[PDB]
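Just the heavy atoms: all of them, side chains too, but no hydrogens, waters or symmetry mates, feed the values below. A, B, ... follow the sequence lines: proteins, then strands. Residue 1 opens every chain.
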Amino acid sequence: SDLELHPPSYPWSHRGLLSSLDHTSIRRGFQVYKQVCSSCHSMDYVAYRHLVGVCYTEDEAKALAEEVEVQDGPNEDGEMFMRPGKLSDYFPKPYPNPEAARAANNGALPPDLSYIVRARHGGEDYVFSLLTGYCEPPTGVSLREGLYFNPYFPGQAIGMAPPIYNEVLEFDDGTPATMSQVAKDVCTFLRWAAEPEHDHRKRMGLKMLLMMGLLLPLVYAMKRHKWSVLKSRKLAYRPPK
Amino acid sequence: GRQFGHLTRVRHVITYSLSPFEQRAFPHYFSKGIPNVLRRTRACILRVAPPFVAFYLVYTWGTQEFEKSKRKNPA
Amino acid sequence: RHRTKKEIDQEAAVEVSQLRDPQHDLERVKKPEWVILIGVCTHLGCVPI
Amino acid sequence: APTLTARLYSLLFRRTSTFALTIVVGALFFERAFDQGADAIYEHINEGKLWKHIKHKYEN
Amino acid sequence: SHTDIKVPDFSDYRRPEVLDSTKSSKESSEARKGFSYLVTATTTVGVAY
Amino acid sequence: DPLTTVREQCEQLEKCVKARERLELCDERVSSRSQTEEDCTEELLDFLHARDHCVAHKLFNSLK
Amino acid sequence: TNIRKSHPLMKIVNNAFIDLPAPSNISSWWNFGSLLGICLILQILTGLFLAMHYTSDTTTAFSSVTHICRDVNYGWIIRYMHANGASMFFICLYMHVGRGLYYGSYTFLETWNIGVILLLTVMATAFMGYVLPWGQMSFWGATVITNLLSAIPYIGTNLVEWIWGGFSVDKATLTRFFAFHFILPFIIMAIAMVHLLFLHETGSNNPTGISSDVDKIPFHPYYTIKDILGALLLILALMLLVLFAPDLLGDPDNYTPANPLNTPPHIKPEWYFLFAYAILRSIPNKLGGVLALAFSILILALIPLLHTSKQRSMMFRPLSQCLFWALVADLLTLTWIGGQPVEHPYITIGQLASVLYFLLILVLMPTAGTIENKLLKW
Amino acid sequence: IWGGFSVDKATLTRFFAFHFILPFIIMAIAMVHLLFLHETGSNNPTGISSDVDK
Amino acid sequence: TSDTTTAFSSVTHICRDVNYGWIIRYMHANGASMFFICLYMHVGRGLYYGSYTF
Ligand code: HEM
Ligand code: HEM
Ligand code: HEM
Ligand code: HEM
Ligand SMILES: C[C@@]1(c2ccc(F)cc2F)OC(=O)N(Nc2ccccc2)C1=O
Ligand code: FES
């Protein structure tokens, strides 16, 4: 407790002012979400239609939604049935309550992962450092072992076991699925989940700066034109005698 | 509400003016401009700068002290 | 809050005269092992750790 | 041998009507040319967008 | 005595087209209004965008 | 897994060596008596600070 | 006769924006009034378009804000234009007040005193808005500010429970705050018109603090084009915030939904409230702290009575200039201490900066003006 | 104006926002109304100028 | 509140649960009618008395 360590600056393909997300790295990172995180983590604000622009086709995302059963509201009996899964439906919920989340995870609540990048200082750098930074405790420090050592988590005792050295995932393009690379892809995706506007924001950003680079000197030249009359005026005082 | 014609009394002042179409929008813009900003900086530095440096010194001390307070060395 | 004997001994030992809001511990609790509180600071309403 | 500024004035800028007509024709043609360039600059900077999407389409 | 009122030299501030006292300004008024109105035209296009 | 390659190469660098040893002289200190309060949190966090800094500069060239 | 001059509506526009005699010599620092007006209309337009999609229930407030940013076409730019527009509003407010202080523009008693009301009204406005997305900082910020009223002797508890509509910040509080936050910028707009009316009795002050009746120019074209340039510089600074750093001034805890059971460990205001926050927690007493906080804003209404110099402006006053810049740097120090934990160096220096704030204004600047008078044999 | 294919979620919230703003716009147009009136003053039952008996 | 799920319920909440919410609600509903009664009398006055010459 009390003492803290703060994350380093990793050079993401999306860090710099005009730099978009790697969408191939978004694609891989969804797969990390589906395979690993979704069993414990809610993502209440991303639906299957959101992927269609970004990392999949319309047909692909329909098929990924088809993998899960949903629950739809009733027919004539007043019933609640289960449903093959669509595109309008949100990412599926592991738990009905927060209390059910706490009951599975020995008292600790796994937080929703929709905004987790924007909800922590450091953003993706913190999450990467949390994932790749699991180590042995130092001498002096004993845990519960219900709680686990991480130097990046405040207090040092995280209720999350390392979810990461497990070498998982169907890969399609088929890049190597190392602990470093699996963390790189998930963080790239979790940025997108926090900020879908990221790519549009920066395209607009370029368009702004280019326009302002035109418009600022031109409006300046307009104000200089009108003000010329005054800035070059000569006064003379000519009193009698 | 104040209006032209009713402001004040002025006697014996000639103003000479040129059209903006007759003249430069940026006359001697760097060659006269940068000497002027240099002269303006000199005129004000001794009034503006010394409070902010005194903030910076209290900033850098205060951050250094707090960081170094959050450490032991014997128990 | 379930109270250890060390804590109940310690709160009996506090000088009542020296405090901002002067109460003995005995007038605050119905039975001395159980202290029950509204978990809201009297300053500006933050929740104390 | 008269200037292009002089011609742009004489033909287009003198009447406020034609001046406004110049800007609006100017704005339509500018919107096309600016967007086309500013997309292509942003596109050349980036290259992991749906540059990739040859992979996953056309199979359908 | 009002005849002692010469207008002071504006050569410092004058556009290069209108420095020659023996040249008609009429010859350059089209080019000069052209330049300043092109500025305002280009601006309005940019602002419209 | 190229994190292992990079952390090994980072530990080579001069600031990390002096922080490993300051941790080592804390490891030895805290074994040595029956009842102590002292922690070695401060000494470890010191080292990973120097180590993960160098990690961040280098790691992402490997990752595809 | 012109149409512009004698048409009963166009009359008002004429006397405010066209034919208004203005000082030839007003600087950059006079741009902030029009910029504050721009800021108000920006907050109005983006805010209405947010109100078209936002719902004000505890169950749905966070979700509706999320809905704006993912699902509503261009809801993200409107949302971020609004959040950063609020910051732009306070940047312009502070530059404008500071201009008034330095240049003796506060000698326009009624104009100044309405500006104070304008400041207290935008402060109340931006507080109630920040609550609305129902993040963690929204909630605990709501908790801390509302509880400032509970320090008032005898009636204080009854007053806070009344503004809650309950025993804490809850359902009744959020909906309230939406309604009050909608109405108050229209009230601001009306008080801003009254502000401008009082100003037009005298016209503008200038850098020199000397009467400029001898050298007035028409507002149009000169300050119409100068204000246009000013607005485009405001748009640059706003768009830099929205399109390149949208979370820079935001607290990350506001991206976590409101929890009524658990505080954040830190708890800090938005940047523009950090000086006042530093002043409050400088006092080891409940009532003392809030009284200090209230007095830190309300002191501006006493600044007219503490004018002591025979010159209006600080332009010809090197002593006062040094003490003014000492105030600005004291305020920078207070904004630093505001944003930091209540621990070792920060407490005592926060106390010293708080003393110095009140020492500069109440004592030191009115002593400098008197010395400067004596120095000029005046 | 729906924000959709019928009167729905988007429509109601819209209508709350527009219904809040419009009476303040009304209040401003009512001031402009009263300004125009004060140029002439009031008409009367007779429709004859009442300058003689104000 | 201005959601489809809660709009009817919040109006109901005003009329049962909110202290004097019923008078405020009904003052509003009937005030709207009063507004139109006054609008129509006012327009009709204008028509009859030639006040439209302004
Ligand atoms: C999959 C690689 C994965 C990611 C990514 C991940 C993220 C993550 C974050 C960022 C936290 C928040 C830490 C904080 O509060 O600052 C966190 C928290 C917990 N998680 Fe997790 N999580 C990943 C996957 C998994 C899996 C597979 C499990 C179950 C083994 C798991 C569980 C938890 C728990 C419990 C926590 C709460 C920790 C605490 O505060 O004590 N997560 N997750
Ligand atoms: C709602 C935000 C406000 C708006 C819209 C606004 C409006 C403006 C406008 C348009 C001007 C004229 C141009 C200029 O000098 O800037 C001005 C001048 C003035 N304002 Fe404000 N104002 C506001 C806030 C304030 C505040 C907070 C104060 C200080 C308590 C202030 C005090 C004055 C004074 C004294 C002047 C006269 C300046 C002078 O001529 O030197 N105003 N106001
Ligand atoms: C009458 C016009 C206004 C309306 C209708 C309005 C409405 C809104 C709404 C609906 C929200 C909630 C959505 C959101 O958080 O993004 C909001 C939040 C906000 N309002 Fe306003 N607003 C108005 C003007 C104001 C003004 C004048 C200010 C003060 C500069 C202000 C400051 C803000 C702030 C700080 C927030 C929080 C933004 C955030 O971080 O999410 N708004 N307002
Ligand atoms: C927002 C609702 C309105 C308000 C607050 C209002 C305000 C008033 C006021 C205060 C008067 C002066 C006293 C009187 O003669 O009644 C008046 C007169 C007048 N109003 Fe309105 N009015 C409104 C609606 C209308 C409408 C709908 C019209 C017709 C299209 C109307 C046309 C006039 C005219 C012509 C007069 C001159 C009457 C005369 O002197 O005989 N007003 N208005
Ligand atoms: C935006 C803000 C604020 C704006 C204007 C104001 F005058 C006071 C405020 F607290 O509203 C709010 O809840 N916080 N946050 C906050 C307030 C007190 C303690 C901690 C955070 C603000 O900074
Ligand atoms: S000490 Fe301020 S709220 Fe607890």
Side-chain angles (χ1 to χ4, degrees), chain D, chain E:
Chain D
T3 331
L4 280 135
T5 48
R7 282 223 263 116
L8 270 155
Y9 181 74
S10 182
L11 268 89
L12 294 172
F13 301 162
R14 205 173 204 238
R15 297 156 93 100
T16 326
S17 254
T18 53
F19 181 77
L21 186 77
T22 304
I23 90 108
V24 173
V25 173
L28 183 84
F29 276 80
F30 192 73
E31 197 194 21
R32 189 81 208 93
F34 183 75
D35 282 316
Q36 232 205 262
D39 296 327
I41 295 294
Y42 187 76
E43 250 127 79
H44 202 58
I45 285 147
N46 288 295
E47 247 131 301
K49 286 193 266 173
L50 307 188
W51 292 80
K52 61 186 202 143
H53 235 49
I54 49 107
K55 284 165 181 96
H56 309 110
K57 230 150 256 290
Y58 193 85
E59 234 88 67
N60 297 287
Chain E
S1 181
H2 90 271
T3 46
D4 318 344
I5 289 130
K6 213 179 132 72
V7 169
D9 193 35
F10 277 94
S11 294
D12 245 70
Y13 300 99
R14 284 167 99 89
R15 283 181 210 200
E17 284 105 333
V18 294
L19 281 162
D20 206 310
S21 261
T22 71
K23 253 210 242 278
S24 190
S25 296
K26 281 215 190 272
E27 264 115 78
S28 64
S29 64
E30 294 208 293
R32 279 149 48 247
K33 289 166 221 291
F35 176 72
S36 286
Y37 300 143
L38 183 54
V39 168
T40 62
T42 306
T43 298
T44 323
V45 169
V47 169
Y49 181 87

J.: Give, for atom CZ of E:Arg32 and atom OG1 of D:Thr5, the distance between the pair rounded to the nearest 0.5 Å.
T.: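 It is 10.5 Å, given to the nearest 0.5 Å.
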J.: Non-hydrogen atoms of chain E under 4.5 Å away: do they reach the side chain of D:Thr22, the backbone, both or neither?
T.: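 D:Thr22 has no heavy atom closer than 4.5 Å to chain E.
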J.: Please say whether more than 12 non-hydrogen atoms of neighbouring residues, nucleotides or ligands are located less than 6.0 Å from CZ in E:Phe35.
T.: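 Counting neighbours around CZ of E:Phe35, 12 or fewer heavy atoms of other residues, nucleotides or ligands fall under 6.0 Å, so no.
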J.: Show the numbers, then the answer: is there a side chain to side chain contact (heavy atoms under 4.5 Å, CB included) between D:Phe19 and E:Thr40?
T.: CA-CA 10 Å; D:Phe19 181 77; E:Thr40 62; 3.4 Å; yes
J.: Tell me whether E:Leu38 at atom CG has more than 12 heavy atoms from other residues, nucleotides or ligands lying less than 6.0 Å away.
T.: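 Buried by this count: over 12 neighbours within 6.0 Å.
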J.: Using non-hydrogen atoms and a 4.5 Å limit, figure out which bit of E:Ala48 sits close to chain D: side chain, backbone, both or neither.
T.: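 Contact with chain D involves the side chain of E:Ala48 alone.
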J.: Restricting to non-hydrogen atoms, name the atom on D:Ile23 and the atom on E:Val45 that form the minimum distance, rounded to 0.1 Å.
T.: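 Result for this residue pair: O-CG2, 3.4 Å.
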J.: I need the D:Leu11 CG to E:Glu30 CD distance, nearest 0.5 Å.
T.: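 Here the rounded value is 9.5 Å.
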J.: Is it the backbone or the side chain of E:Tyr49 that comes under 4.5 Å from a heavy atom of chain D, or both, or neither?
T.: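 Only the side chain of E:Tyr49 comes within 4.5 Å of chain D.
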